[PDB]
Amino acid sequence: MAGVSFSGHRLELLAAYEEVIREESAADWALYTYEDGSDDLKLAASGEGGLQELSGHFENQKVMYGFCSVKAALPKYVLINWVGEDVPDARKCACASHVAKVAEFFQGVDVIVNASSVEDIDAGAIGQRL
């Protein structure tokens, strides 16, 4: 299997990521997921409000990737490897081999955080990690 694909929707994926990297743009998070019955990544949502807001868009039936910028000095970049509690174990296993390729696609990931409930996404704990 080719695995995760970034071909279809490439422009949307990089446009969200570029918005997150830009200091002038308000948005500081983007959320990606797979298209149904496919390994092609698509943009699910994006916005402002950082980790607190982003944790509100995670879905329990999906594998998703959250790219959030976190700042008083230069910003660092978190990739949330989200696997919903209702994702089948086999698909968790297959998707696990994509994470590195996703981090390579969205250049500049500073830390990868594995998550299956919102409670795994503590802004403090992530901050101390950086």
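Numbers follow the displayed sequence, beginning with 1.
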{"property": "Between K71 and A72 - deposited residues without coordinates, as a size class", "result": "1 to 3"}
{"property": "Of 72-80 and 26-34, the stretch whose C-alpha atoms average the higher B-factor in the entry", "result": "72-80"}
{"property": "Assigned third (lowest, middle, highest) for the C-alpha B factor of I112", "result": "middle"}
{"property": "Third of the chain, ranked by Cα B-factor, where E104 sits", "result": "highest"}
{"property": "Ranked C-alpha temperature factor of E53 among modelled chain residues, by third", "result": "middle"}
{"property": "CA B-factor ranking of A15, expressed as a third of its chain", "result": "middle"}
{"property": "Chain-relative CA temperature factor third for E85", "result": "middle"}
